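Chemist: Protein chains in written order, with PDB author numbering: chain A, 3361 to 3685; chain B, 3755 to 3893; chain C, 3130 to 3268; chain D, 215 to 236.
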Amino acid sequence: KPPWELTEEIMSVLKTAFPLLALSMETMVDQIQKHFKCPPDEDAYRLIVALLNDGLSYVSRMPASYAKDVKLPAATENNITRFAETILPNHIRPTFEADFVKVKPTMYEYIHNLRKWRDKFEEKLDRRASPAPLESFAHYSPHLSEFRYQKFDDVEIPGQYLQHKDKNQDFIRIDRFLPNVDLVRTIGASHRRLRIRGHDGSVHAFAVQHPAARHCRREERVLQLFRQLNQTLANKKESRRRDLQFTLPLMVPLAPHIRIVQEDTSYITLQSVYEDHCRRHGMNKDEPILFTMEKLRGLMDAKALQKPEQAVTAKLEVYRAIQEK
Amino acid sequence: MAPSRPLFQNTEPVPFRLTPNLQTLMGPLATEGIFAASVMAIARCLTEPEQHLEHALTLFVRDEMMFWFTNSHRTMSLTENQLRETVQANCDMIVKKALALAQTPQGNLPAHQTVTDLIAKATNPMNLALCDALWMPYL
Amino acid sequence: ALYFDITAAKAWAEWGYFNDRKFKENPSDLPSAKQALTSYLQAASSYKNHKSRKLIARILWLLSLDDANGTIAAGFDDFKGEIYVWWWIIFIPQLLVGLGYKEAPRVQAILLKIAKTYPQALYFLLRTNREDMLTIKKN
Amino acid sequence: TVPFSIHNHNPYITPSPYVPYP
């Protein structure tokens, strides 16, 4: 029979036993899935950043298109117009259309406008009141009011079955949802930070990723393999004395597009450090890439040979100039 | 994975990411004393019996192969022999990479010389300048 | 030794490994693979000491190299006893993806047994899988 | 060269980032 028939049979067998537990888990999943979706501004930021990265990658792959005469090749205008029409709020559609669709620009103005829009949206998102009440993400607060007054069968904190244990007697149960929700913007995305209290006073933090990537299962498989490998390291002598372990957060999919990830609140990316230094020193974060693109365009428009095999000394000189400047 | 053939390939100028800024954050003394030795320690502890790593990697490689074949939309046979052969080949490649790092030299050379060679290759500016702009070889 | 021993699992594991190696060397001795699967099942049932996960991985690898007649998938009938589904929980993704490839009955038996004792280990993954199947098969 | 300096290079040692390169 089709796989979904067997899946439904297993689900029915599961529901016949533990009806109240299944009901509680289903209600919790439904509430999280319904009230933790992206607002329009974050969608706009995500899509603008994706378009800018794609344009930079294309120009890098095929230089000489960065000149002021190439008229937006690769049939990307279809993507531009589709994004303007069916993925943009009515409020900002006119300005976006006037800036992008009407002008029909070259690559230079394309990237310039994308950069301006990205900066605008970054500034807009960074000035939000970050800690938002948990009772706002609801119509009658089925998350702050639920759970110790609305649950049925003592749900467990998710993600505890991915570990290499021998019994579940001492698993931590959900006791409460903390009433504050953080707003976090990453380099190209953003999410909400939930927090849970266990029945022993411990606190666990998760990130809710609504537009989960297209390759989540592969990453989960890699994490599974290296979580398996951590046991041998824990049991071997040359490694256990140095305390060598891979760092692998727990991930639990709720829907084929939603996912919760165990969170560390003190993370920072290397890109963030670079951008903070640029901000403090009055520089521009985008200067090196524009410099590289312009120099490669100039040196490839002319002869692109006379260097030994592929280590074009022009590339090394550009790299040294970037390092020095 | 290579889009043409079912193999594990990187095809980048450097073996891994080790740029000048990370090197400066670590420092020369720490880079020599901790970073270089830990890689060999992990390799030695994981490849002690050589039949453990392959057994651990079998299912992961099988799933990767199934995904590749399904995405290429060119299975057309579900041939078990082909699956077995490809899985064995890929597991052998990965175990070769792991066993290279855990091997000591023959003469009077230091225990971790392959790791030092790899670090030299990854810090050479000649091939650090052939990376893409989004990779930011600087920093 | 298997005749002499009462409940020793090391003998079962060694016989299973020997039969598996014999099958690997000669890719036409299905009876050897069947014996290896049965021995692995016996050893896993006798261990209950967190060392049956490797045996379960070997069993899952064996099940995927079956013929059209399910010759390998008969050591389950050959072996009588409990399963101790606790040690299979780490492999739920493999079972869920395998219930659509030529071996649905065997993995489905284990999944059904898990559903009746550890619902919280399976609810979310099963729900996501069901949604995926609904989206793909009957878009 | 420069005895008792940790910035010297040697085929059996890592390069070091404070000198240009081997």
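All residues carry an ideal CB built from backbone N, CA and C; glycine is no exception.
Can you tell me where the alpha helix (DSSP H) with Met3653(A) in it begins and where it stops?
Modeler: Segment 3647–3661, the alpha helix (DSSP H) holding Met3653(A).
Chemist: Assess contact between the stretch 3361–3379 of chain A and the stretch 3250–3267 of chain C, defined as three or more Cβ pairs (one per stretch) separated by less than 8 angstroms. Is contact present?
Modeler: yes
Chemist: Which first and last residues belong to the beta strand (DSSP E) in which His3564(A) is found?
Modeler: 3563–3569
Chemist: Taking the alpha-carbon positions, what's the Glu3669(A) to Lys3663(A) distance?
Modeler: For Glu3669(A) and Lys3663(A), the distance between alpha carbons rounds to 14 angstroms.
Chemist: Using beta carbons (cut-off 9 angstroms, strictly below), is residue 3273(C) in contact with chain A?
Modeler: Limits of chain C in this structure are 3130 at one end and 3268 at the other, which puts residue 3273(C) out of reach.
Chemist: In terms of residues, what are the limits of the alpha helix (DSSP H) holding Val3236(C)?
Modeler: 3233–3244
Chemist: Pull up the distance between the alpha-carbon of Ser3425(A) and that of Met3653(A), whole angstroms please.
Modeler: 10 angstroms
Chemist: Using the three-state DSSP reduction, which class does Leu3251(C) fall into: helix, strand or coil?
Modeler: Residue state, collapsed to three classes: coil.
Chemist: Ignore the nearest five residues each way along the sequence and tell me which others in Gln3631(A)'s own chain have a CB closer than 7 angstroms to its CB.
Modeler: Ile3547
Chemist: Measuring alpha carbon to alpha carbon, tell me which of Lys3266(C), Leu3263(C), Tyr3252(C) ends up nearest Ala3377(A).
Modeler: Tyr3252(C)
Chemist: What whole-angstrom Cβ distance do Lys3163(C) and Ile3201(C) have, given they're in contact under 8 angstroms?
Modeler: 6 angstroms
Chemist: Just to check my reading of the structure: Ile3848(B) and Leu3811(B) have Cβ atoms closer than 8 angstroms, yes? What is that Cβ distance to the nearest angstrom?
Modeler: 6 angstroms
Chemist: Of the residues that make up the stretch 3182–3200 of chain C, which ones have a beta carbon closer than 9 angstroms to any beta carbon in chain B?
Modeler: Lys3183, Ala3186, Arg3187, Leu3189, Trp3190, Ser3193, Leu3194, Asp3195, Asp3196
Chemist: Hey, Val3226(C) and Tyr3247(C): beta-carbon distance below 9 angstroms or not?
Modeler: no
Chemist: Does chain D have any CB closer than 9 angstroms to the CB of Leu3884(B)?
Modeler: no
Chemist: My assumption, with CB atoms under 8 angstroms, is that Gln3622(A) sits in contact with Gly3519(A). Please give the rounded CB distance.
Modeler: 7 angstroms
Chemist: Can you tell me the Cα-Cα spacing of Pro3160(C) and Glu3834(B), whole angstroms?
Modeler: 17 angstroms
Chemist: Under 8 angstroms: do the stretch 3537–3553 of chain A and the stretch 3485–3496 of chain A share three or more Cβ pairs, one atom per stretch?
Modeler: yes
Chemist: Counting only C-beta atoms, is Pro3156(C) closer than 9 angstroms to chain B at any point?
Modeler: yes
Chemist: Beta carbon of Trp3216(C), beta carbon of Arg3182(C): below 9 angstroms?
Modeler: Cβ distance < 9 angstroms, so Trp3216(C) and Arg3182(C) count as in contact.
Chemist: Mind pulling the alpha helix (DSSP H) runs of 4 or more residues that sit fully within the stretch 3136–3168 of chain C?
Modeler: 3138–3154
Chemist: Step through the CB atoms of chain C and report whether any lies within less than 9 angstroms of the CB of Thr3840(B).
Modeler: no
Chemist: Select from the stretch 3585–3618 of chain A all residues with a C-beta closer than 7 angstroms to any C-beta belonging to chain B, and list them in chain order.
Modeler: From the stretch 3585–3618 of chain A, only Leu3585, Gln3588, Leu3589, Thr3592, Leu3593, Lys3596, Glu3598, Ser3599, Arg3602, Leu3604 have a Cβ closer than 7 angstroms to chain B.
Chemist: Which partner residues does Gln3622(A) have in the DSSP bridge list?
Modeler: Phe3566(A)
Chemist: Does chain C have any CB closer than 9 angstroms to the CB of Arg3453(A)?
Modeler: no
Chemist: Taking a cut of 9 angstroms between CB atoms, which residues from the stretch 3801–3818 of chain B lie near chain C?
Modeler: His3806, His3809, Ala3810, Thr3812, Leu3813, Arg3816, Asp3817
Chemist: Along chain B, in chain order, which residues have C-beta atoms closer than 7 angstroms to that of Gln3223(C)?
Modeler: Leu3813
Chemist: Can you check which of these residues, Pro217(D), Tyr232(D), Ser230(D), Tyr226(D), is closest to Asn3862(B) by C-alpha distance?
Modeler: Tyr226(D)
Chemist: Counting only runs of 4+ residues fully inside the stretch 3447–3525 of chain A, write out the alpha helix (DSSP H) ranges in chain order.
Modeler: 3453–3456, 3467–3486
Chemist: On the CB-based measure, 16 or more other CB atoms within 10 Å of its CB, does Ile220(D) come out buried or exposed?
Modeler: exposed
Chemist: Mind pulling the chain C residues with CB within less than 8 angstroms of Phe3378(A)?
Modeler: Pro3248
Chemist: Name the chain A residues whose beta carbon is nearer than 9 angstroms to that of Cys3845(B)?
Modeler: Correct list: empty, because the minimum Cβ distance to chain A is about 12 angstroms.
Chemist: Mind checking whether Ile3447(A) and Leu3407(A) have CB atoms under 9 angstroms apart?
Modeler: yes
Chemist: Taking only the alpha-carbon atoms, compute the straight-line gap between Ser3826(B) and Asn3764(B) and give it to the nearest angstrom.
Modeler: 19 angstroms
Chemist: Would you call the CB atoms of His223(D) and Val233(D) closer than 9 angstroms?
Modeler: yes
Chemist: Would you say the stretch 3494–3512 of chain A touches the stretch 3377–3386 of chain A, given that touching needs at least three Cβ pairs under 8 angstroms?
Modeler: yes
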